[PDB]
$ cat coords13.txt   # compact mmCIF, C-alpha atoms
# COMPACT_ATOMS: atom_id res chain seq x y z
CA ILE A 1 -26.00 36.05 -10.96
CA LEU A 2 -23.66 33.01 -10.59
CA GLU A 3 -23.54 30.53 -13.53
CA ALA A 4 -22.48 26.82 -13.84
CA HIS A 5 -18.86 27.01 -12.56
CA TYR A 6 -16.36 24.39 -13.76
CA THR A 7 -14.19 23.03 -10.91
CA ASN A 8 -11.37 20.51 -10.29
CA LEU A 9 -12.76 16.93 -9.89
CA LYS A 10 -11.51 13.30 -9.89
CA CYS A 11 -12.63 9.66 -9.99
CA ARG A 12 -15.00 9.26 -6.98
CA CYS A 13 -14.00 6.18 -4.94
CA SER A 14 -16.28 3.94 -2.84
CA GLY A 15 -14.75 5.72 0.20
CA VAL A 16 -11.64 7.19 1.94
CA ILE A 17 -10.21 7.05 5.53
CA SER A 18 -9.20 9.63 8.19
CA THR A 19 -7.47 6.81 10.22
CA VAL A 20 -4.07 5.23 9.32
CA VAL A 21 -4.85 1.71 7.98
CA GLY A 22 -3.13 -1.22 9.75
CA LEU A 23 -0.09 -2.53 7.77
CA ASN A 24 -1.06 -5.99 9.20
CA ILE A 25 -4.79 -5.71 8.16
CA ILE A 26 -3.87 -5.12 4.44
CA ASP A 27 -5.01 -7.99 2.12
CA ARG A 28 -4.13 -6.73 -1.42
CA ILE A 29 -3.03 -3.55 -3.26
CA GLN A 30 -5.21 -2.60 -6.29
CA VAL A 31 -4.03 0.27 -8.61
CA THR A 32 -6.08 3.06 -10.32
CA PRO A 33 -3.81 4.63 -13.10
CA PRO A 34 -4.45 8.08 -14.86
CA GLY A 35 -7.21 8.09 -17.55
CA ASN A 36 -9.68 6.23 -15.25
CA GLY A 37 -11.27 9.62 -14.37
CA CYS A 38 -8.23 10.01 -12.10
CA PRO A 39 -5.77 12.96 -12.78
CA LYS A 40 -3.51 11.10 -10.25
CA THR A 41 -2.51 7.41 -9.84
CA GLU A 42 -4.33 6.35 -6.60
CA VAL A 43 -3.94 3.11 -4.57
CA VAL A 44 -7.14 1.15 -3.72
CA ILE A 45 -6.65 -0.91 -0.51
CA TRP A 46 -8.57 -4.16 0.00
CA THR A 47 -8.32 -5.06 3.73
CA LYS A 48 -8.66 -8.46 5.52
CA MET A 49 -12.11 -7.11 6.61
CA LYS A 50 -12.93 -6.81 2.82
CA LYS A 51 -13.20 -2.98 3.27
CA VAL A 52 -12.66 -1.32 -0.16
CA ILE A 53 -11.04 2.17 0.14
CA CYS A 54 -8.89 4.47 -2.06
CA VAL A 55 -6.01 6.22 -0.19
CA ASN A 56 -3.38 8.78 -1.35
CA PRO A 57 -0.38 7.01 -3.16
CA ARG A 58 2.22 9.22 -1.39
CA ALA A 59 0.71 8.71 2.11
CA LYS A 60 3.68 8.53 4.58
CA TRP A 61 2.55 5.15 6.09
CA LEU A 62 1.71 3.60 2.63
CA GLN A 63 5.39 4.16 1.54
CA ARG A 64 6.30 0.91 3.45
CA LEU A 65 3.51 -1.00 1.59
CA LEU A 66 4.91 0.25 -1.77
CA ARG A 67 8.39 -0.85 -0.48
CA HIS A 68 6.85 -4.23 0.68
CA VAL A 69 5.67 -5.22 -2.88
CA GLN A 70 9.24 -4.75 -4.28
CA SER A 71 12.40 -6.62 -3.13
CA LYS A 72 14.65 -4.88 -0.54
CA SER A 73 17.59 -7.36 -0.53
CA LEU A 74 18.45 -11.08 0.05
CA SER A 75 20.86 -12.81 2.50
CA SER A 76 21.41 -16.44 3.69
CA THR A 77 23.89 -18.35 5.96
CA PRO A 78 24.97 -21.77 4.42
CA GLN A 79 27.04 -23.54 7.16
CA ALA A 80 27.45 -27.19 8.28
CA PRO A 81 26.76 -27.67 12.12
CA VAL A 82 30.34 -27.57 13.57
CA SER A 83 29.71 -30.41 16.05
CA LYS A 84 33.02 -30.58 18.00
CA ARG A 85 32.43 -33.96 19.73
CA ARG A 86 35.27 -34.07 22.30
CA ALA A 87 35.21 -36.07 25.56
CA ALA A 88 39.04 -36.32 25.55
$ encode --input "coords13.txt" --output "structure tokens"
Amino acid sequence: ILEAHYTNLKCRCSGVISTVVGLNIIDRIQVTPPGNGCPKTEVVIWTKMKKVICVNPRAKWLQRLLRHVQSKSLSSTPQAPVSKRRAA
């Protein structure tokens, strides 16, 4: 005599992946914040193939993509070409 059981649920995406998405084949990073039916902030990937997927934000490979959007550092070498013209 089972009745209508409430269960944990989230915002249903277009689709998800079982394969690690190519860091090179990423086009843009779209964000789904909490309140959108999502208990968790989830990252929607748009690929170069125009494949629309929602992957876990704390996926171990995606960490580099989240590090790619922010600055790491900056360095530059300003130097004049030391052209030591010397026949004698």
$ residues_around --input "coords13.txt" --residues "residue 40 (chain A)" --least-positions-apart "3" --cutoff "10 Å" --atoms "all atoms listed in the file" --output "ChimeraX atom specification"
/A:10-11,32-37,43,56-57
$ atom_distance --input "coords13.txt" --atom1 "CA of residue 53 (chain A)" --atom2 "CA of residue 39 (chain A)"
17.6 Å
$ atom_distance --input "coords13.txt" --atom1 "CA of residue 24 (chain A)" --atom2 "CA of residue 49 (chain A)"
11.4 Å
$ residues_around --input "coords13.txt" --residues "region 12-22 of chain A" --least-positions-apart "6" --cutoff "9 Å" --atoms "all atoms listed in the file" --output "CSV table (one decimal) with C-alpha atoms, in the coordinates of the input"
chain,number,residue,atom,x,y,z
A,37,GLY,CA,-11.3,9.6,-14.4
A,38,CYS,CA,-8.2,10.0,-12.1
A,44,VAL,CA,-7.1,1.2,-3.7
A,47,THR,CA,-8.3,-5.1,3.7
A,52,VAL,CA,-12.7,-1.3,-0.2
A,53,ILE,CA,-11.0,2.2,0.1
A,54,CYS,CA,-8.9,4.5,-2.1
A,55,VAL,CA,-6.0,6.2,-0.2
A,61,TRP,CA,2.6,5.2,6.1
A,62,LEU,CA,1.7,3.6,2.6
$ atom_distance --input "coords13.txt" --atom1 "CA of residue 29 (chain A)" --atom2 "CA of residue 45 (chain A)"
5.3 Å
$ residues_around --input "coords13.txt" --residues "residue 64 (chain A)" --least-positions-apart "5" --cutoff "10 Å" --atoms "only C-alpha atoms" --output "PyMOL selection string"
chain A and resi 23+59+69
$ closest_residue --input "coords13.txt" --among "A:79, A:88, A:50, A:30" --to "residue 66 (chain A)" --atoms "all atoms listed in the file"
A:30
$ build_atoms --input "coords13.txt" --residues "region 53-78 of chain A" --atoms "N, CA and C atoms" --output "short mmCIF file (atom, residue, chain, number, x, y, z; two decimals), keeping the file's coordinate frame"
data_model
loop_
_atom_site.label_atom_id
_atom_site.label_comp_id
_atom_site.auth_asym_id
_atom_site.auth_seq_id
_atom_site.Cartn_x
_atom_site.Cartn_y
_atom_site.Cartn_z
N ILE A 53 -11.33 0.73 -0.04
CA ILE A 53 -11.04 2.17 0.14
C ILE A 53 -9.97 2.60 -0.86
N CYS A 54 -9.95 3.89 -1.22
CA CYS A 54 -8.89 4.47 -2.06
C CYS A 54 -8.15 5.54 -1.23
N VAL A 55 -6.85 5.33 -1.00
CA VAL A 55 -6.01 6.22 -0.19
C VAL A 55 -4.96 6.89 -1.08
N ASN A 56 -4.39 8.02 -0.60
CA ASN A 56 -3.38 8.78 -1.35
C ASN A 56 -2.10 7.92 -1.56
N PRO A 57 -1.53 7.90 -2.81
CA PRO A 57 -0.38 7.01 -3.16
C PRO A 57 0.89 7.37 -2.37
N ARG A 58 1.04 8.67 -2.08
CA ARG A 58 2.22 9.22 -1.39
C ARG A 58 1.93 9.47 0.10
N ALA A 59 0.95 8.72 0.66
CA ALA A 59 0.71 8.71 2.11
C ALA A 59 1.94 8.10 2.83
N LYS A 60 2.40 8.79 3.88
CA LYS A 60 3.68 8.53 4.58
C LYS A 60 3.78 7.08 5.13
N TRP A 61 2.64 6.53 5.57
CA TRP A 61 2.55 5.15 6.09
C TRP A 61 2.52 4.11 4.94
N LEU A 62 1.89 4.48 3.81
CA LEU A 62 1.71 3.60 2.63
C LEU A 62 3.05 3.35 1.90
N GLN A 63 4.03 4.25 2.12
CA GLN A 63 5.39 4.16 1.54
C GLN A 63 6.03 2.77 1.81
N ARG A 64 5.77 2.22 3.02
CA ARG A 64 6.30 0.91 3.45
C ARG A 64 5.60 -0.25 2.71
N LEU A 65 4.33 -0.02 2.34
CA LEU A 65 3.51 -1.00 1.59
C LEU A 65 3.98 -1.06 0.12
N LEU A 66 4.34 0.12 -0.42
CA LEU A 66 4.91 0.25 -1.77
C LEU A 66 6.35 -0.32 -1.81
N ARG A 67 7.05 -0.25 -0.66
CA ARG A 67 8.39 -0.85 -0.48
C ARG A 67 8.28 -2.37 -0.18
N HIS A 68 7.11 -2.81 0.34
CA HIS A 68 6.85 -4.23 0.68
C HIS A 68 6.65 -5.08 -0.59
N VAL A 69 5.99 -4.50 -1.62
CA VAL A 69 5.67 -5.22 -2.88
C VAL A 69 6.94 -5.49 -3.72
N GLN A 70 7.94 -4.60 -3.59
CA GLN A 70 9.24 -4.75 -4.28
C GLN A 70 10.25 -5.42 -3.32
N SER A 71 11.31 -6.01 -3.90
CA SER A 71 12.40 -6.62 -3.13
C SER A 71 13.29 -5.53 -2.51
N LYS A 72 13.71 -5.76 -1.25
CA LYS A 72 14.65 -4.88 -0.54
C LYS A 72 16.08 -5.40 -0.75
N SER A 73 16.29 -6.67 -0.40
CA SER A 73 17.59 -7.36 -0.53
C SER A 73 17.38 -8.87 -0.33
N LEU A 74 18.48 -9.64 -0.25
CA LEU A 74 18.45 -11.08 0.05
C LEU A 74 19.78 -11.48 0.70
N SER A 75 19.69 -12.28 1.78
CA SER A 75 20.86 -12.81 2.50
C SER A 75 20.53 -14.20 3.09
N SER A 76 21.55 -15.06 3.17
CA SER A 76 21.41 -16.44 3.69
C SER A 76 22.75 -16.91 4.27
N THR A 77 22.70 -17.76 5.31
CA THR A 77 23.89 -18.35 5.96
C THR A 77 23.96 -19.87 5.71
N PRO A 78 24.66 -20.33 4.62
CA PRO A 78 24.97 -21.77 4.42
C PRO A 78 26.21 -22.20 5.25
#
